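Just so it is clear: chains get the letters A, B, ... in the order the sequence lines come, proteins before strands, and each one is counted from 1.
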Amino acid sequence: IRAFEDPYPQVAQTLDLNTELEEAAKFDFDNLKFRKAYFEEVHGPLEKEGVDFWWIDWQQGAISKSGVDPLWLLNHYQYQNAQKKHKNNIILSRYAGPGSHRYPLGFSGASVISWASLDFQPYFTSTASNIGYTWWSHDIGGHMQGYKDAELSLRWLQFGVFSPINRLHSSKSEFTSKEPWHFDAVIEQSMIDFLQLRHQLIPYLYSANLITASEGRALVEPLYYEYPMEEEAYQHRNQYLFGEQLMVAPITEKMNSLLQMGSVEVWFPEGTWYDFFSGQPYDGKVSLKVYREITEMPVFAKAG
Amino acid sequence: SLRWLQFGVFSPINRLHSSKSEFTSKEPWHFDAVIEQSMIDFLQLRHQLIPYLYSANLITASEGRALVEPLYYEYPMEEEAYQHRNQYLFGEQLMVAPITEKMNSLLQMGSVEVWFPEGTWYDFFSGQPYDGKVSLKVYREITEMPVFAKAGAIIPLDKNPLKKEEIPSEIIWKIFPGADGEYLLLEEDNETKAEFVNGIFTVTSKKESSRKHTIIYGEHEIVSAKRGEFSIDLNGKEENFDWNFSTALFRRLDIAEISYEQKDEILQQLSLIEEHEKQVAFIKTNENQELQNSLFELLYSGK
Amino acid sequence: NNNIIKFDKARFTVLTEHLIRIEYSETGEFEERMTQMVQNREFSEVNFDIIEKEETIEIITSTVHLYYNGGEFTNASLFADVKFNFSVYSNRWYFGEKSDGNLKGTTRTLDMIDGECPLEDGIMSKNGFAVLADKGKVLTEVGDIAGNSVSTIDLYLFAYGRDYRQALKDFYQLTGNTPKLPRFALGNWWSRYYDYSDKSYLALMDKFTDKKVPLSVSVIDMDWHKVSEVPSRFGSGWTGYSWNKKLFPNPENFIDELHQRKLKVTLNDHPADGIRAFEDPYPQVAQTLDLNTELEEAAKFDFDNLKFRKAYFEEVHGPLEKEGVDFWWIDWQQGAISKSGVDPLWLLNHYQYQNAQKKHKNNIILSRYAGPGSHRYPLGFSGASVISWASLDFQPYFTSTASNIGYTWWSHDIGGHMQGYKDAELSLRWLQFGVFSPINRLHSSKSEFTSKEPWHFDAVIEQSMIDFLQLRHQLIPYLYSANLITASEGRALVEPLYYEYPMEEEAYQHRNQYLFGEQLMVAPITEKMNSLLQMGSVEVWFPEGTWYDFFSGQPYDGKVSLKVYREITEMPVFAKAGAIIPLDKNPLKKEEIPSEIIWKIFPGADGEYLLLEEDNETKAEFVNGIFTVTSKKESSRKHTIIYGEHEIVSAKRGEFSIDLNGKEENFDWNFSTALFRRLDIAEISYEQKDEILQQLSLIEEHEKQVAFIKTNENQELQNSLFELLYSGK
Ligand SMILES: OC[C@H]1O[C@H](O[C@@H]2[C@@H](O)[C@@H](O)O[C@H](CO)[C@H]2O)[C@H](O)[C@@H](O)[C@@H]1O
Ligand SMILES: OC[C@H]1O[C@H](O[C@@H]2[C@@H](O)[C@@H](O)O[C@H](CO)[C@H]2O)[C@H](O)[C@@H](O)[C@@H]1O
């Protein structure tokens with residue numbers, strides 16, 4: 001909190017700063033008086049204007065005199081402080097090491113906008129369950145740099161809708177808005193359909209959320225949680241269970257223009273499986289390349 | 001399919017036809033929503049052009065002038081009139097340069113090298129201007145076709161192309177500002193002269209009728225559904241189309257499948273650099289050679 | 001001591017508003033002695049503010065907040081925020097951590113480097129701060145190594161923002177200014193790793209004369225001494241201090257012959273095997289150092305040892321200096337190991353440079369870079385670069401970036417040293433760069449195939465190399481004046497563009513582009529020509545203003561980034577409107593200072609040039625079209641004036657003024673002539689040549705000429721034709 005800030009006079013009084021030398025209240029989350037002034041006199045007036053929760057966007061390193069990562073101090077203390085004004089409140093912040101699942105939500109940050117980034121992200125998300133960090137929020141469509149491809153944006157939103165959190169976000173570019181009507185009529189309508197589907201899924205998501213909290217079961221599981229002895233459960237990195245009733249195989253590669261369809265190799269466990277959208281059936285157990293138009297996503301449900 | 005229909009609409013006859021395949025129907029709704037809507041728009045445009053076509057037809061029959069002329073009929077001594085095989089005059093008021101090559105996916109636009117004869121030319125759809133004489137690569141999205149009109153062009157259009165009626169009950173007179181012009185609309189049982197002289201637009205006919213005339217002067221509808229012969233002074237009215245460099249630049253950068261850093265730098269630099277010659281020098285450094293030509297078309301129109 | 005603050009075990013010295021010394025001492029004693037790096041901590045008093053509490057201290061200057069929270073220096077206890085917004089969150093220094101932004105400095109050598117190598121940091125940062133750690137030994141008042149500093153951490157925080165020239169000036173105040181070079185150092189040097197005889201060396205020097213190539217320096221490489229004649233029991237012949245008597249039967253006579261030709265003479269010295277029992281000076285060194293001669297005990301190289309250094313200077317170098325050796329080429333490649341912990345290369349450069357001043361005023365060495373402050377011992381010797389386009393393409397960037405750690409007299413092997421591959425165009429481009437570099441020393445490997453003699457090459461390459469070699473001597477007045485400005489004002493001859501244009505992004509995007517003195521901007525071509533154009537090219541950033549090609553007068557309107565094309569015989573060098581460049585009219589003439597100066601004036605603006613010389617200062621002023629020349633002292637010097645294209649005044653003596661408002665401002669350079677020449681040399685279709693010449697002649701409107709070239713299927717030909725249209729606009 002530097003001397004030009006609206007809260008500076010109050011913080012300066014609380015922390016006995018030299019206002020005529022414009023002494024800054026430097027960031028110091030090791031310091032109880034700094035933390036109290038930050039929550040009460042910096043955040044407090046903004047919460048009184050109606051701010052519901054904090055997006056902690058920390059990128060300035062792991063250094064403190066205590067040896068505790070400032071990101072851990074922020075997530076631990078801000079998450080606790082957030083519970084004062086709202087029941088079951090959240091933060092939005094980067095991962096701060098094992099146990100930092102206690103401070104949801106995860107914020108993965110400034111991914112490069114590319115097919116390669118999207119192709120990593122389902123694997124990244126399900127693998128995080130292996131250290132109990134089950135509420136990653138990715139920038140849906142990618143954050144910055146990279147390149148334009150409306151199909152990439154649409155595939156990324158498909159994944160997002162079947163991810164822990166569906167937060168559309170972008171860079172300072174005039175050219176990277178995630179608004180559906182940025183794109184052509186086909187892309188726009190498909191994005192609107194998937195965005196509506198996210199809200200249709202809130203009952204299922206909220207029920208899974210209460211199961212994470214009470215039973216320690218992740219919403220997104222790698223295949224090997226359910227099928228630990230099946231070699232194929234270790235060979236489909238981007239394939240996952242989504243709650244207990246759905247199995248997702250996002251398409252994360254640009255379509256084959258000769259087919260006008262993208263594809264992904266799906267492992268179907270034993271049993272009869274149905275495409276969640278079309279009812280197309282599949283007899284497990286089998287590994288089978290599946291093809292979808294850019295407007296359609298491979299999501300499957302078992303008989304029953 | 002869409003590029004072929006664009007050409008067809010600006011050809012002597014617009015007959016959709018196909019093979020015995022289950023897969024080759026020319027129905028617009030065979031295709032996706034973007035292609036369908038564009039095909040419907042071009043199919044409606046064909047019927048808007050029937051007055052112009054029927055008048056040209058009577059000129060073929062009576063005067064021996066083709067509807068579709070190679071450039072060298074009008075410009076026999078211009079070498080460039082022999083170097084643009086697919087470019088043609090369509091009646092006396094329009095010049096067509098169909099795009100007949102698959103789009104460049106990095107630009108999301110197709111292109112054609114256009115020869116612009118001497119004079120000031122306007123895109124018939126957008127009003128984008130071009131100073132002739134020049135040979136210039138022009139870029140269009142798959143939904144847009146290069147069709148051009150000179151300053152002073154007057155093109156009649158059927159206002160009600162869906163309406164079943166032997167002759168139009170309403171004509172739109174589309175006028176391109178910047179020069180005098182004239183158009184004679186020959187019909188089954190009439191002749192109607194539209195004259196544009198020192199900014200005065202006059203419509204007269206051999207026989208009287210209940211036909212309602214609409215006037216569009218550049219961008220703006222000036223007269224709606226006026227009956228009978230009349231004259232209106234357009235010297236007072238806005239000559240300029242809305243088409244502007246900045247809007248067109250943003251749209252081309254926005255659709256392009258290129259790096260966002262390149263989009264940001266081009267938009268910033270072309271906004272900041274004031275001198276036209278230095279804007280051209282900036283785009284001359286671009287590593288994408290086709291993007292250079294696309295940006296050069298916008299700078300040439302905005303010069 | 002107002003500018004000195006102690007807190008806990010630390011000491012802070014506010015040297016300038018933008019420079020703070022930071023020390024730690026366990027013993028509570030802090031270091032006042034000079035170090036290998038630091039020669040002077042006397043700076044004028046400055047104002048700053050302190051916030052001192054029980055547990056913390058904050059020092060506040062116009063540009064930085066320095067914080068210390070007590071205890072040992074860590075990334076948490078010692079850190080600084082700059083008062084700039086050049087970045088969003090790279091504005092904080094943490095002790096012991098790296099931040100983004102450093103514009104780099106230099107490195108020891110280009111030995112064995114093909115193209116790029118990593119550089120050390122310099123004191124310049126785009127984000128406005130840099131830390132220079134002093135890890136060196138303390139010196140005595142006379143400059144011997146005294147041992148370890150009592151300041152066990154000793155740092156300099158630079159917070160100059162993008163005032164790079166002031167950062168460098170204050171670095172020279174802290175570490176000592178660069179000394180003046182002698183004028184001879186700025187001419188052409190001849191060198192080759194080749195077993196010349198006295199006879200064949202003098203024959204080559206006389207061939208240079210016959211060929212109209214001026215030289216200032218005759219280097220004799222290691223085959224001057226015994227090599228194959230060294231018995232293998234002693235190790236190799238690499239180190240030597242004994243003339244090969246077959247090649248040099250009378251060394252003093254041979255050096256007298258080079259001196260009669262007005263050449264300065266240096267010998268290669270490989271010091272690392274010291275003075276072994278076969279050497280001519282060994283009996284004297286053995287006596288001085290009490291060596292066991294019957295066991296042939298070697299005087300091993302030991303620059304930590306005062307008696308070794310004295311025997312080296314007095315009894316090894318001394319007899320060779322008496323034969324006429326003018327200065328030493330120290331060629332050290334055998335590592336950084338000594339019992340003192342001081343790099344032997346630093347000991348050599350420090351002590352040899354000092355020793356060189358005994359027999360010659362403003363004498364030099366030639367040696368590799370020995371770390372920050374080693375600018376005090378010019379000249380830099382970059383060494384054994386690989387002969388390649390990649391090496392040449394690195395070298396302008398390398399040279400201008402070195403100014404960021406104050407090391408402004410790099411001498412590169414012009415044309416590259418060794419290995420690599422033959423390409424006469426590479427050799428010619430490398431010489432073009434060399435002529436516009438700090439030092440122009442031709443040198444090569446032991447290959448029979450790598451001589452840099454111009455007449456090694458074909459008649460076209462030979463004539464161009466001769467022309468550039470003559471141009472180097474024409475530029476000696478300009479170089480010598482810039483040299484005196486380095487020594488007195490701390491301004492580098494070669495500056496990166498961002499010294500003059502710190503806020504222009506394009507000044508950071510033209511790595512090989514540089515200012516050369518204050519009147520010229522150089523963009524060397526460092527890529528093989530496009531055979532379809534028969535021209536090489538480089539993207540040039542033209543700052544605001546009107547610029548002229550220094551050779552052709554081709555004009556360019558800044559600000560613009562523009563690809564420029566030149567034949568292999570021509571180099572992109574530019575001067576602003578109002579530039580005044582002195583040239584020696586008689587570059588082949590042997591004379592201590594020019595008897596005649598050409599004043600080359602670029603029309604279109606006011607200008608000024610100060611020619612600093614050994615015993616004079618001469619001011620050329622161009623103000624409202626009036627050109628005036630005045631000097632402190634009078635002389636018989638004859639002044640020639642060239643105003644744009646035309647010689648206005650020939651060989652006029654004394655001070656004078658001439659009005660040039662009446663005279664032709666325009667160069668002859670014209671679009672049509674240049675277009676014809678580019679089309680004529682191009683290896684393209686004659687139908688294309690015909691069409692381009694016809695269309696560009698017929699089309700009147702500039703915008704439509706550009707539209708015509710925009711349709712060309714040859715993308716590089718478009719850019720070449722666009723350069724001509726831009727200049728002709
Ligand atoms: O708050 C603005 C954004 O800040 C962070 O991302 C920055 C990014 O958008 C761009 O400006 O680059 C910098 C340097 O890499 C990033 O720090 C957050 O990650 C982002 O979510 C914000 O929108
Ligand atoms: O004194 C002879 C040369 O020695 C050094 O370069 C050597 C080089 O020419 C070749 O022989 O390879 C060795 C091993 O890499 C180098 O040490 C100097 O760098 C050079 O300037 C001399 O001419």
Side-chain angles (χ1 to χ4, degrees), chain A residues 1-5 7-28 31 33-34 37 60 63 65, chain C residues 1-24 30 41 43-71 73-95 97 99 101 123 125 127-132 153-163 166-167 170-171 173-174:
Chain A
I1 304 97
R2 291 161 295 174
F4 70 88
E5 298 273 17
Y8 176 78
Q10 192 47 68
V11 174
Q13 187 57 41
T14 302
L15 300 183
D16 195 26
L17 301 177
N18 184 331
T19 59
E20 57 274 21
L21 288 183
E22 296 179 299
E23 183 187 3
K26 298 193 310 297
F27 179 81
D28 189 359
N31 187 281
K33 280 181 164 176
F34 182 80
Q60 293 75 33
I63 296 165
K65 223 181 160 160
Chain C
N1 296 88
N2 312 266
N3 283 201
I4 301 179
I5 300 97
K6 299 196 215 212
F7 188 88
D8 185 318
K9 290 188 176 168
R11 183 168 72 164
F12 304 97
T13 315
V14 180
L15 293 168
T16 77
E17 293 195 2
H18 322 298
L19 182 58
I20 307 173
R21 185 190 188 196
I22 304 172
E23 300 159 271
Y24 198 86
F30 297 95
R41 308 197 187 77
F43 284 72
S44 74
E45 199 188 350
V46 292
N47 202 46
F48 60 97
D49 286 304
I50 301 150
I51 305 178
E52 185 167 358
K53 307 183 195 189
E54 281 297 321
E55 293 312 331
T56 68
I57 189 167
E58 177 177 347
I59 298 168
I60 316 180
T61 74
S62 51
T63 62
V64 75
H65 299 260
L66 177 58
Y67 321 102
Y68 172 52
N69 303 319
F73 287 174
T74 73
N75 48 23
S77 76
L78 178 66
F79 64 104
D81 292 317
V82 288
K83 295 169 58 175
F84 308 122
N85 60 7
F86 293 120
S87 77
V88 290
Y89 56 79
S90 305
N91 310 310
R92 176 171 282 186
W93 172 67
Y94 307 84
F95 174 76
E97 306 290 328
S99 196
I123 63 173
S125 169
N127 293 322
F129 64 95
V131 175
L132 183 63
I153 302 171
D154 191 5
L155 312 174
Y156 296 87
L157 171 61
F158 287 75
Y160 285 83
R162 294 188 183 177
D163 192 349
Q166 190 66 52
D170 292 353
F171 170 89
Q173 188 169 334
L174 180 72

Completion exercise
In C/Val131, C/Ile59, C/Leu78, C/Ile153, the residue satisfying side chain to side chain contact (heavy atoms under 4.5 Å, CB included) with C/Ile22 is C/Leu78

Problem - A/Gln13 atom CD, neighbour heavy-atom count above 12 within 6.0 Å - result: no

How long is the span from the [atom1] atom in [X] to the [atom2] atom in [Y], to the nearest 0.5 Å?
| X | Y | atom1 | atom2 | value |
| --- | --- | --- | --- | --- |
| A/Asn31 | A/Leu15 | CG | CG | 7.5 Å |
| C/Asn127 | C/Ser87 | CG | OG | 4.0 Å |
| C/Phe158 | C/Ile123 | CZ | CD1 | 4.5 Å |
| C/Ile51 | C/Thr56 | CD1 | OG1 | 8.5 Å |
| C/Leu15 | C/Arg41 | CG | CZ | 8.5 Å |
| C/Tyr68 | C/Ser77 | OH | OG | 6.0 Å |

Go through the structure and list residues passing side chain to side chain donor-acceptor pair (under 3.5 Å) with [X], not counting sequence neighbours.
| X | result |
| --- | --- |
| A/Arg2 | none |
| C/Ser62 | C/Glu17 |
| C/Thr63 | C/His18 |

So do [Y] and [X] actually touch side chain to side chain, heavy atoms under 4.5 Å?
| X | Y | answer |
| --- | --- | --- |
| C/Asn2 | C/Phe48 | no |
| C/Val46 | C/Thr61 | no |
| C/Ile5 | C/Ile50 | yes |
| C/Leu157 | C/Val64 | yes |
| C/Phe30 | C/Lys6 | yes |

Exercise for the section: Just do the side-chain contact (heavy atoms from CB on, under 4.5 Å) check on A/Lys33 and A/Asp28 with the steps written out, would you? Expected result: CA-CA 9 Å; A/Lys33 280 181 164 176; A/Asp28 189 359; over 6 Å; no

Practice task
In plain terms, say whether A/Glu23 and C/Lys53 are close enough for a salt bridge, that is, a side-chain N and a carboxylate O under 4.0 Å apart.
Solution key: yes

Handout entry: salt bridge (charged side-chain N to carboxylate O under 4.0 Å, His left out) involving A/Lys65 - partner list, sequence neighbours excluded
Key = none

Exercise for the section: Under the salt bridge (charged side-chain N to carboxylate O under 4.0 Å, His left out) rule, collect the residues that match up with C/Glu23, sequence neighbours excluded. Expected result: C/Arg11, C/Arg21

Partners of [X] by ring pair (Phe, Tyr, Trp, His ring centres under 6.0 Å), sequence neighbours excluded?
| X | answer |
| --- | --- |
| C/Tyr24 | C/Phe73 |
| C/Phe84 | C/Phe86 |
| C/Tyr94 | none |
| C/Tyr156 | none |

Write down the atom of [X], the atom of [Y], and the distance for their closest heavy-atom approach.
| X | Y | value |
| --- | --- | --- |
| C/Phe7 | C/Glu55 | CZ-C, 3.6 Å |
| A/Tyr8 | A/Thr19 | OH-CA, 3.8 Å |
| C/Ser44 | C/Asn3 | O-OD1, 4.3 Å |
| C/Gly71 | C/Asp8 | N-OD2, 2.9 Å |
| C/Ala76 | C/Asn69 | O-ND2, 3.1 Å |
| A/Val11 | A/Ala25 | CG1-CB, 3.7 Å |

Practice task
Start with the C-alpha distance between C/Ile4 and C/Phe12, add both sets of side-chain angles, then the distance that settles side-chain contact (heavy atoms from CB on, under 4.5 Å), and finish with yes or no.
Solution key: CA-CA 6 Å; C/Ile4 301 179; C/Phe12 304 97; over 6 Å; no

Handout entry: Steps toward side-chain contact (heavy atoms from CB on, under 4.5 Å) verdict (A/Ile1, A/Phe27)
Key = CA-CA 8 Å; A/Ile1 304 97; A/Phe27 179 81; over 6 Å; no

Exercise for the section: Would you please test A/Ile63 and C/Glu97 for side-chain contact (heavy atoms from CB on, under 4.5 Å) and show each step? Expected result: CA-CA 10 Å; A/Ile63 296 165; C/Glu97 306 290 328; 4.2 Å; yes

Handout entry: For C/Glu54, all residues meeting side chain to side chain contact (heavy atoms under 4.5 Å, CB included), sequence neighbours excluded
Key = none

Completion exercise
Sorted by chain and residue number, the side chain to side chain contact (heavy atoms under 4.5 Å, CB included) partners of A/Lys26 (sequence neighbours excluded) come out as A/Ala24, C/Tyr67, C/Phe79, C/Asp81, C/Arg92

Exercise for the section: If a pair satisfies salt bridge (charged side-chain N to carboxylate O under 4.0 Å, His left out) and one of its residues is in residues 59-71 of chain C, list it, with sequence neighbours excluded. Expected result: none

Exercise for the section: May I ask you to check whether C/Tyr160 and C/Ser125 show a side-chain donor-acceptor distance below 3.5 Å? Expected result: no

